[PDB]
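Asker:
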Ligand SMILES: Nc1nc2c(ncn2[C@@H]2O[C@H](COP(=O)(O)OP(=O)(O)O)[C@@H](O)[C@H]2O)c(=O)[nH]1
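Numbering (PDB author numbering), first residue to last: 51 to 244, 254 to 510, 539 to 828, 835 to 1047, 1061 to 1173, 1182 to 1277, 1285 to 1412, 1439 to 1791, 1903 to 2007.
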């Protein structure tokens, strides 16, 4: 029986796979049992036969037992590493019950074997546990069966570390049994090197650690993160025995205690900055922390602490002075000793929350920014809060404490802006009159027995949230209504609050109300159900004394000559008609209706302002404008014309629906007396239903696009017998009262000011009627009427906007809201005036001497229009009006085109212009009816567009997704045009287009329409797109009725294309046509479409509807779909466009690309087919517009287009490797303060954005959506040319100023690193920004980038006039001065100034005398006067020198006082004092490496040089006095009668040749001293008397050369010597008025130009001047010779107010400072970034190279 198995094994050993297959299948046929089948399955797994495994499991259905035995195929496959077999076997198991037992077995066995791939697949895909035991039933666990232990024991490092990193954890067994490789892995892979190796061993669950594991790297850092484990003790060395630790994370473990140090001298780690010992069992902090003078953060949170420290109240604790943050929350602290909190001085945040604290610690002076003391048992608060923390403490929370009252100081905090006192036993507040907390943004007083509550007035302009819910509040505190800036109020959970006072309606920005458990008597329950917004609106209505307005607007509509005026007459009078009605196009009147008996209406009667609109058919198109939403419409028709009349009604009905979607429409039949009575029941009931059939769906619902007419809205009436007049007016009243906005419209509450404005406007209309004026009310005049209104509550415009809405709804005002160029600034007062003026201008029957083919000269038109105003003062308005209605359009500036004056078809040469060519495309529009004036408007608009395009070839554009459209796709020079009333032929180079009304008769549907034909010899068919956009826009604007179907679904307009194949076959007949819908829908997918007459000869779409295929574009722009790896997966979505498109992450030709794709379909059915076709047409049009726009953009900062494709409809753009600027900026801004991306890089980003905006605006392209989201970052490397590009996708009136505003916003987000967080609701943000609120960025002192801050603040100025243009911004950023000056700091009156090496006293000033002598210390990095006029009595000083820890101070009493830095501020007691033969003028310190000492050379007022040896900052008394005169008489032998022996003061001192020598000044000459022998060795003569060397400077070059620069005080010239050869190499006259690109050779207002000092800044030399202009110079190599040149000229003009430069100095490796003095001896410090050759070079390279693209 078993022999079969052996055979199969033989079949595999011999390689006979086929024999194995057959034998195995036969054995399976015999082996029915599950056990036998599993035994068989073990065989191909043993071989590793993936194929036979698949056959066996797929066909024979062999089960895989989960038993982890030797016979298990999965165990065998894992044993031999056949990973594919492993996954196949595991996949075969059904259900979700993954065999974690078997998986763990395979894991452990593979780990023993080393088949790492099986392990990787087991854990990462199947989740085998790395920490379990692989132990069979009736088997005992051991450690060798644990995965990680065996992995390490096997010696395979890769598998072991993989397990450790992906779930496996250490244990005592690993650490004890195999310590060596364990320590190896720990010391090897978890090292973040930087020595400073930040070793992270957390989350490994180390039971213990040992110094032996990392003491070998205790030189700087052993390890930092030791958290997430069960440590119960630490080595004695951590942290104290480890010198350069900075931040330890010892939290999250069993460290109930810590080791310590016996004394501070044992703390080798004096520079630790952060300690986290949280989530531990600490009862007390170790005392050792109190010795860390450098510690910055300490978070001993989430502990069982009972005391902050042990009671060592005798030790002079020195540490924790600079501790800025202390988190001791989640503890059992009852007392916080005032001792150590007082000891802390830099403390900014005390998180003592969640403790047993009953007495808040005593207050002390320290810069607290927050105090989270919540969840304690505090009884009272400190009373010095407004004394110590007056201007520092911002966030405060003493909520849920044992408080009964608070001191005034709490509410006198000026910096306080978040206060949370909820959950306490507060009964009353301090009086508001003594409050000075003007920055309160949130104040929660909930859960308190307090109820009178009163607030300060200023709180109305600062508060944003207030929460008074759940208090002793039976009445709303009246002061609450005063908080206009409030946004969120909680008044709920107040059962005794039985009213909501009306004054709360004044709360302008309030939108959220907690109305829980409140009964509001004064508000209807319906309003309460509607919600808080309804409540506030109703309360505001109550406040403004709103009246019930019973006036409504109704319009009578219908075909002409149907007795509209008759119907109105019987409705008004209720009698037989009497009036003979005239020719007026419009009549206006008034009518009141009493409520019929039995009425349930809310009013006694209703009032109606009535417009009866009629007139000649020519004005019908314009009359449709008078229709408005929220009005009654009565459509009247003659019953006698029956079906015929009913048909026409659909037209009218659509017109009402297109303009008044919420209109109540009645349909009434007249001439009831003309129908035989006996048949009326049959005749009416039919016709009634018949008209319903013309407006109702087959299901009975409303036909889409039609008004909601129902059975109850129909009525019949007579005029002679007046049958049903009572019924008709009853119906009118019932629907009127039934109509609703929300409440019913009739009698709705209207604010009193609105009604007063209505009466004022009516009075103005009547005045103009009496004065024969023109019914044109401008915004100014409407505002004036508003101002003259008594009881006027309109303060902001939005109130007037709501008022205007009310007036237009009521029928007082007529408005046409077009915002183009201030066109909206008009309102109309009388329909009669408007209609009469329009009719008069229409009726200009100008002869051929007047209208020159439709255009009348401007002066002639002005004269012709005299009769209805048309004075010059109002002229513009009329044209602004007339252009809107398209009655007269500007033509150049020469004439005006009047569309109704187009000539008939002239007998011109249409044949010659026509091209009998094969590049023919034809389209045909079929129209059920032709709207009146359609053709004139269409032809006029298209002619205007052609003229505009002709002008453009020598301005309303857009960018990104928008509803703004422009036919940029048609850029064609126009050669010649023939145009007439019903068509036009327009010819251009290479072809033409033609439109003409045609007798369209497809399928015997003889109706209106047009034929359009396009020819272009180059296959450029943008003309057809032009025609289609004009058609779509015109129909949408002026004739919306045509974008609709009949009630049965028959479309009113269709568009066909004639088949070219059928025409060719014929070339009469109804040539077989394709419906445009199926054309476009098939063009989505296919390339060929089958004609019904030629089912076996499909025709290409490309020669049928080429506009869809972009056949006009260049060939190179097309993509190849086979080369496009497109992915529609959810993870491949890069973003979303503004048009519903999607930006996918794809690859083209292997390069990553962003494909913008259009998704057209939105789920046989004709209606769905039409909807899909329309959507496809829209998406194609937007595709074409976007493609044409993007194709014309070529700039280094605009996302370029790669190519396009049709199947699917999508195109490709270059992809951003680093995503958006928002991404990188957000992730870098978290851990910094300002300029997160760096100085140079941030300047680069700003310049790139400015260049992109300038380029876009130059092309008349407007962005409108400039955000960090749309900016795409490619490289943060400053050396690359391009770093960012502006994209058209993210991840009302617009102009360049809006883009510049958004640019200022982007600049703010760049500098701050935070978004302009004015809120999370956009409406509130917009309201704040419009009203002058802006987000806060720090002062220049902390930004350090002044000039761009100036630009950024200038960008969002409330007035667009002051907002700069993009070009000027680019020009500003061109100059290096834009991004070299950082800021300025004004120090006021002073007496002396001293620089430093940058170690301590970065800058210091001195003032006063004797008792008043004081000093000011300025730190440039923070821009703060860290010491402010600290007293230091004594005699004033001429020079100083600070080195090591000692400051030498040369007083004018010929004495040098040596102080130590260890005295901190009061350096009044000198450590040494040394006499001098004369007052020292200057100092120099030169170290000696061979001696570990320093030499302080003191340059005297006589020219002699004193040598003070110094050892570790300790001066020695063994001075020497090198005599200049001795050196002269000995060597230089200058005659005594020379001026050179005048005892010149020593001005200049510098080290030369790496401190080998010292060079100093002596009159015109220089003297060089040996540093080894101290003998004066050399003299040099750069200048001649009366000159003198004011300074000497030496620095290293990029070539390794060392050279010395020296400046003359008088000649104002700079000379350059070489250090070792001692020859003058260069002479440069510096007093150049305009030193632009000055160049001078180098050998191998008159006071403004005076140089003051020479500064060595990196590899460049900075020469500042009195005039504030500083020149930076370097040198370059040309053909071996050298040449010194100006690299840049800098001058911060904003330093002019601070007078003249008194001096300058280099104060840091990257910073330069200068001091400007005014006439009052008040100084200002102006600081420039310390750029070297590299920084200037890269800045210039960036600007120039971008300029060269
Ligand atoms: N017999 C009869 N004639 C009517 C009825 N309604 C209107 N008319 C006629 O309609 C004419 C007035 O139409 P008209 O006011 O010019 O309509 P308009 O073009 O909208 O102004 C009158 O001469 C009436 O004879 C009706 O119910 N019965």
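Yeah, the Cβ is synthetic: ideal placement off N, Cα and C, and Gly gets one too.
Buried or exposed for residue 267, please, with buried defined as at least 16 other CB atoms from any protein chain shown within 10 angstroms of its CB.
Answerer: exposed
Asker: Given the structure, does residue 802 come close to ligand 1, in the sense that its CB is under 7 Å from one of the ligand's heavy atoms?
Answerer: Ligand 1 has no heavy atom closer than 7 Å to the beta-carbon of residue 802.
Asker: Compute the Euclidean distance between the alpha carbons of residue 1402 and residue 1444, then round it to the nearest angstrom.
Answerer: 28 Å
Asker: Among 390, 1634 and 2005, which one has its Cα closest to the Cα of residue 344?
Answerer: 390
Asker: In terms of DSSP beta bridges, what is residue 830 paired with?
Answerer: The chain lacks the residues between 828 and 835, and residue 830 is one of those with no coordinates.
Asker: Any chance the CB of residue 818 is under 7 Å from a heavy atom of ligand 1?
Answerer: no
Asker: Just verifying my parser: in three-state terms, what is the DSSP assignment at residue 1182?
Answerer: coil
Asker: With a floor of 3 residues, list each beta strand (DSSP E) that falls wholly inside the region 722-776, ordered by position along the chain.
Answerer: Listed in chain order, the complete beta strand (DSSP E) runs (minimum 3 residues) inside the region 722-776 are 751-757.
Asker: For ligand 1, is there any heavy atom lying closer than 7 Å to the beta carbon of residue 1506?
Answerer: no
Asker: How many Å lie between residue 1144 and residue 707 at the Cα?
Answerer: 11 Å
Asker: Rounded to whole angstroms, what is the Cα-Cα separation between residue 1092 and residue 983?
Answerer: 20 Å
Asker: Determine the contact status of residue 717 and residue 902, defining contact as a CB-CB distance below 8 Å.
Answerer: yes
Asker: Around the Cβ of residue 132, are there at least 16 other Cβ atoms within 10 angstroms (buried) or fewer (exposed)?
Answerer: buried
Asker: Reducing DSSP to helix, strand and coil, say where residue 1919 ends up.
Answerer: strand
Asker: Among the residues of its own chain, which have a CB less than 7 Å from the CB of residue 1586, if the five just before and after it don't count?
Answerer: 1597, 1627, 1628, 1629 and 1630
Asker: Name, in chain order, the residues that DSSP records as bridge partners for residue 199.
Answerer: Residue pairing by DSSP leaves residue 199 without any beta bridge partner.
Asker: Taking DSSP as the reference, what is the three-state secondary structure of residue 966?
Answerer: helix
Asker: Is residue 385 helix, strand or coil by DSSP?
Answerer: Correct three-state label for residue 385: strand.
Asker: Taking only three categories from DSSP, how would you classify residue 1322?
Answerer: strand
Asker: In the structure shown, what three-state DSSP assignment does residue 1746 receive?
Answerer: Three-state DSSP puts residue 1746 in coil, outside helix and strand.
Asker: Assign residue 1775 to one of three DSSP states: helix, strand, or coil.
Answerer: strand
Asker: In the DSSP assignment, find the unbroken alpha helix (DSSP H) run with residue 1675 in it and report its ends.
Answerer: That residue, residue 1675, is in no alpha helix (DSSP H); it is neither H nor E in DSSP.
Asker: Kindly confirm or deny that the region 1517-1535 and the region 1966-1984 touch, where touching means at least three C-beta pairs closer than 8 Å.
Answerer: Touching, yes.
Asker: Would you check if the region 1065-1075 and the region 1097-1108 touch, i.e. whether three or more CB-CB distances between them fall below 8 Å?
Answerer: no
Asker: With hydrogens ignored, establish whether the beta-carbon of residue 660 is closer than 7 Å to any heavy atom of ligand 1.
Answerer: no
Asker: Ends of the beta strand (DSSP E) at residue 657?
Answerer: It is not in any beta strand (DSSP E) - residue 657 instead sits in the alpha helix (DSSP H) that spans 651-660.
Asker: Considering only the alpha carbon of each residue, which of 423, 393, 1241 and 1646 lies closest to residue 406?
Answerer: 423
Asker: Does the count of Cβ pairs from the region 995-1006 and the region 1072-1089 closer than 8 Å reach three?
Answerer: yes
Asker: Look at the alpha carbon of residue 440 and the alpha carbon of residue 1255, and state the distance between them as a whole number of angstroms.
Answerer: 59 Å
Asker: Are there three or more Cβ pairs, one per stretch, closer than 8 Å when the region 313-329 is compared with the region 339-358?
Answerer: yes
Asker: Does ligand 1 have even one heavy atom less than 7 Å from the beta-carbon of residue 759?
Answerer: yes
Asker: For residue 647, verify whether its CB is less than 7 Å away from any heavy atom of ligand 1.
Answerer: Answer for residue 647: yes, Cβ within range of ligand 1.
Asker: Does the contact criterion of 3 or more C-beta pairs under 8 Å hold for the region 946-962 versus the region 893-901?
Answerer: no
Asker: How many angstroms separate the CA atom of residue 1685 from the CA atom of residue 1665?
Answerer: Those two C-alpha atoms are separated by around 33 Å.
Asker: Does the separation of the CB atoms of residue 354 and residue 332 fall below 8 Å?
Answerer: yes
Asker: If you drop the 5 nearest sequence neighbours on each side, which residues of the same chain put their C-beta closer than 7 Å to that of residue 745?
Answerer: 1146 and 1147
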